[PDB]
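Order as written gives the chain letters A, B, C, D, E and F; numbering starts at 1 within each chain.
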Amino acid sequence: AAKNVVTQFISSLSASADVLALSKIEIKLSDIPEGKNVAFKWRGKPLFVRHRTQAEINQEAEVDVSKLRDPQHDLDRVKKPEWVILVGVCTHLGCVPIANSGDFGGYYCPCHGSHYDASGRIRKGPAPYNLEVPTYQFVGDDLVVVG
Amino acid sequence: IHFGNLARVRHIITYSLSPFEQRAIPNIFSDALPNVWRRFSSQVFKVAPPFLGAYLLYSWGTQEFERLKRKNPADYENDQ
Amino acid sequence: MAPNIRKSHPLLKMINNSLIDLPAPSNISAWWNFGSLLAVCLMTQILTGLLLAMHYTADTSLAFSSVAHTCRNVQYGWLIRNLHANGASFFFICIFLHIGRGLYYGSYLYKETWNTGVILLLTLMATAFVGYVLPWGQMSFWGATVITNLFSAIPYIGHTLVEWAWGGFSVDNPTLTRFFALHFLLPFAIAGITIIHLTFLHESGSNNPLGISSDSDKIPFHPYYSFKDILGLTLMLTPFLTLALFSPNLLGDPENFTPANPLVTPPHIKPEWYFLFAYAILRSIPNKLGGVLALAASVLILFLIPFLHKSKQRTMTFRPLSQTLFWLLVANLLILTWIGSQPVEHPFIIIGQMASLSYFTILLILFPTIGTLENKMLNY
Amino acid sequence: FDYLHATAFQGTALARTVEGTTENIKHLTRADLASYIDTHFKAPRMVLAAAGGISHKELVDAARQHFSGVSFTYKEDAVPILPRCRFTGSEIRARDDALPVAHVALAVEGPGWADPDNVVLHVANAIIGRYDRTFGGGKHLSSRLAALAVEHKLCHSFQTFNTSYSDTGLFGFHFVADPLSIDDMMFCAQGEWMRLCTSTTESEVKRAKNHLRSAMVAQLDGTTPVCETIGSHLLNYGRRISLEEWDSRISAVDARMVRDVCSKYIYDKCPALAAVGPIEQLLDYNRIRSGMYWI
Amino acid sequence: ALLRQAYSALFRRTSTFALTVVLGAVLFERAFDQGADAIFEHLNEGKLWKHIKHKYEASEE
Amino acid sequence: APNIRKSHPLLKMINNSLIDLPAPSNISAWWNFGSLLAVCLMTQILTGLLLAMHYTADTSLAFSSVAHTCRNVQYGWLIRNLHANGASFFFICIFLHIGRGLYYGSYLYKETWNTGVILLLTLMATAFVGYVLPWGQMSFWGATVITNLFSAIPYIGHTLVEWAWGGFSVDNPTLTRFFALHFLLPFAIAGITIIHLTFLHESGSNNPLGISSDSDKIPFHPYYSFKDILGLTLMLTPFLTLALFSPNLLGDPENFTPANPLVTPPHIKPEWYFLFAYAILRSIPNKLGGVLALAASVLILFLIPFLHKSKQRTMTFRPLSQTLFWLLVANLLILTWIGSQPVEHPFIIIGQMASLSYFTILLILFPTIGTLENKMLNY
């Protein structure tokens, strides 16, 4: 009786049903063309889902900079070669980068600089880290769930 | 100190057994239940009567209130 | 020094002298259980209340919705709201039996203990009163409206006294926020006064059903009443868990599921059951000011109980006349509870006026009289 | 101690006082007395013991002369097998607040004369020992209960006993204390009982054995105490146990054994309680009963 | 004798007693739950979602 | 019992604590801050209650409700002013209260001392959750940075955080529970205070000389009843001056910008009374080590009584321990300064050394110097 009542009461402080409802987002890959960059909302903050032509999948696979400014290795958190999902938040003062031209083709943060390439790596700018990639599942194949 | 300075008692011997040497619920039908009736018997003529009389007031009060909702047909007996 | 560290340790000492080595009468009954019940019930209400408060929003535009969100989205939030709401009723059930015990077994002669008791009751009533407004339903708003609007019957000072308590010109958001703060605060006062309540008690120790000196036969609190109380706990806790987990919405007005609307008066504005007797006495006097006084007098009359004891014996065990007169009063309170739940029409009006009249008559006149009449039949 | 027997062996023959009732003394007849003598004072149940400058052969000769004729039937030969006595976890409280000091005795059931565990129970009893306010050793006494009794003024006196009978016994303790020092005394006493079953060290029993050795030897200081031992050894053991043999049994006692034997007769057992005098501070059997487990 | 042995092996020592309570509770929970859920589900046959679940998934959609 | 002051079970612990209570004749003004903390607690609770009666615990109304209180509620600007600055008066008094005990060996009242540390820890938690209530920028990001540390804990860490948050970030489920926590905790402080004083009345008060004061005890009233009130108005003048002339002197102006989870403030610093602990937190670059170092910085007070090696109780007759004490006090100032500054050279290495010496003085030098003193006393 004690174990249960305690268990129930402790549970009342963890995330509620409505909070849990906005933890999961799924992205239809059949709604993102090559030429435009589609970004959604997830957990209150922008979620970049970029589709690139072959001039980024190949030319930006050429990763330089001897000691990168943040431990980003493409054998880690990047699954698909034609897909890339990021947290649309700068790691400097936490603002959102625009996905037009910029410098390194990828993203540019209109606050303090910080030019991000196609892979979402930190280049010219004051940002202390790279970008951010969430913990997602991709077993859906036709769609990606960022649970 | 609350045990020791309570009362001056003399010439009283008490006997008791360990709980493990005796029954917890003994003589249910020979001693327990006959008293349960005795205790009910002694008090029920003090407890029940005002409660019984209270219910009567409730029963009348409710019925009378409901009766005052119904219409008196003698009101309209000459209405045309 | 002292041998063990149970009689020594200044923390474990009053833990020992209150719940372990504390001398108690050998023959106190189950009517002495409701003391420890109220204690546990208080700690239960505070805990369930804290858990609810961590999801509550004190605002007229979010109050109802936040409570609803708690029941619908918070894990077991439906249960914590369930336990806290019905637990408030368990509090009053135990406190009415706690009081009734003392009145029957002459426990009020512990005047300091008794007086701190009345104050504990008054704080409890105020606590449950302001907590009822928190969900901000129809019965919440209009219950708060009808009751607080009574203070304006006070001459001169009155109409200002109300608008100050409201923080405006009617019950609104300035009233809800301060009622939530008040509802959060008061139970801790109840906790504190309880410690004072028990302190005055430990001066003389507990009374017993016979009403005679129990120094000849005292037993340690543990294990005799430590076990007896826990039994009385689970015995009393089963009907209410049954109440809360089978018929949760049995006690309350369904009107409180309709969000507060200041432009629609509910047809029958009645309180919860534990206020019904007082509500009936309030409506006995048609005069607004007299009704307030009669309401206040209905509970404040407990302060006059110790000064209205005229019997040579403490309890009512050996007093058959005072016994039936006691049960008349208990039945009287039932009739009052019934009248309060009914509209202000015939015959409920005259029945209420008589029941409330007899209520004060029994306590003020007949109880000290019959007690005297008994003493002369005992040849004193 | 009479009250202790009266409640420990309540409902049996051992619950009776040696001196008997007032009514019995009042009304006992010459026939009743003569009956007892003829029924009980019979040759096989008697032992002629002697100790001093006495030739054993000369003894049995004078014995052969004056200790008389043979029994005829088989009934008069056989030694009776007494009906067993039932122990009862119980208490008897004879309260008298006018009485200057209170007496308390608490005991569990013993093993009986035959049991070899009676040796260990005597070693254990030697550990706790005894005390009265004339013990010059004072606060420096080895006995823990005695040290606590001195430090906190717990009692006027306390003693431990292992009174053995034919098929049973009474392992326990008795103390005399002031009306307001009883509960603390009982507390510490029961604590040392648990300390026996739980914490007994080799260092403790190395002393206790030395005390028990010196005790049994002191028991035989003179002709009468030797004769008393001899007259009892035959009557209870069926033979004489030399001090040499006692030493062998005692010297084999270690701390691990004392713990086991005590845990067997003391731990979580419903004890027998006799309390006489101003006895308010000591109360409730249940509290005493809970003092029987976990040190 | 189960009673005698349950005492000496489990209930006698305070340490072994407490371990019995824990071990016994773990087993009681595993049993009481499955039993209670079973008694409740049978009393509501075909009424629960787990019962009508097969019509709209895991076979057809 | 003649009078009804020694009899009345209510008036008798009122008497035996604030009237007839034997106190040392020579305790100084450093013994005033006890009663100051007591009054300050009752002041904070009252000003807090008055503020809470106008507060709305919701991320869409929190900032606005507090602003409404200052702008619309009669003297609401003052009650917010007193409660905010009163929280600082609490920490000022509690730092001097602690510093007194460390200097005059009052920690040897271990039960009194330990309940003291707990009172401090509850106070820090109380002021921490209260800071989130106005829901400004520094409120949110202060709550974010600190609570996000718990995720450094192995395995159980990431769940431990999201549970406390009631979500995936600091939001409305966090604000409502912090308000409930901020409402609750001061009553715990009140209760433990009664326990704190209970353990104290066992031995009575210590004195500057550190010797038995039984030879010269005086009744609390009127000597220290008057002395405390004097010490009250003496201390209450600078802070009323602070609150009624420079109200916004102590706090970050960033807390006037409503909480915005998409803009990180350039320099996320705490209030001044957390600055020393914040500096120690950032000394260790490792996130988990930083948490431990933070916890150790305050929990180290539990180890003070076991690190007393001197044959004399106080530091009055101990010149070596005296300067070493003031080194520690100056050490804490340097830590307070470092915490208010960005994580760059030379502030980084200065902070690492100041925080290193902080534990070194308490753990190593204080018991060592104390021993070295005893042998100079020929012991």
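Note that in this section a contact is a pair of C-beta atoms (placed from the backbone, for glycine too) under 8 Å apart; a residue touches a chain by one contact, two chains touch by 3 or more.
J.: Fewest touch steps from subunit C to subunit E?
T.: The fewest touching-chain steps linking subunit C to subunit E number 2.
J.: On the document's contact criterion, could you list the chains that touch subunit B and likewise touch subunit D?
T.: Neighbours common to subunit B and subunit D are C.
J.: Among the other chains, which touch subunit B and subunit E together?
T.: D
J.: Name whichever of C-D and A-F has more C-beta pairs touching across its two chains.
T.: A-F
J.: As a quick test, compute the distance in whole Å between the mean CA positions of subunit A and subunit B.
T.: So the centroids are 72 Å from each other.
J.: I'd like to verify one number: the distance from the centre of subunit A to the centre of subunit C, where each centre is the average of its C-alpha atoms, in whole angstrom.
T.: Result: the chain centres lie 58 Å from each other.
J.: Report the inter-centroid distance (CA atoms only) between subunit A and subunit D in whole Å.
T.: 86
J.: Can you compute the centre-to-centre distance for subunit A and subunit E, using the mean CA position of each chain? Integer Å is fine.
T.: Averaging C-alpha atoms per chain gives centres 44 Å apart.
J.: Out of subunit E, which residues touch more than one other chain, so two or more?
T.: As it turns out, subunit E has no residue touching two or more other chains.
J.: Among the residues of subunit C, which ones contact at least 2 other chains?
T.: In subunit C, the residues touching two or more other chains are 54-55, 218.
J.: If a residue has to touch 2 or more other chains to count, which residues of subunit B qualify?
T.: 3, 6-7, 9
J.: So in the complex, the part of subunit C that touches subunit F is made up of which residues?
T.: For this pair, the touching residues of subunit C are 10-11, 50, 53-59, 62, 112, 174, 177-178, 181, 184-185, 188, 196, 199-200, 203.
J.: Please give the residue numbers of subunit D that touch subunit C in the complex, ascending.
T.: 148, 152, 154, 184, 187-188, 283-284, 286-287, 290
J.: Per the contact definition, I'd like the list of subunit A residues that touch subunit C in the complex.
T.: Against subunit C, subunit A makes touches at 8-9, 11-14, 16-19.
J.: Hey, which residues of subunit D end up touching subunit E in the complex?
T.: Spelled out, the residues of subunit D in touch with subunit E are 267-268, 293-294.
J.: For the complex, give me every residue of subunit D touching subunit B.
T.: For this pair, the touching residues of subunit D are 7, 88-98, 179-180, 183, 270, 280-281, 283, 285-286, 289.
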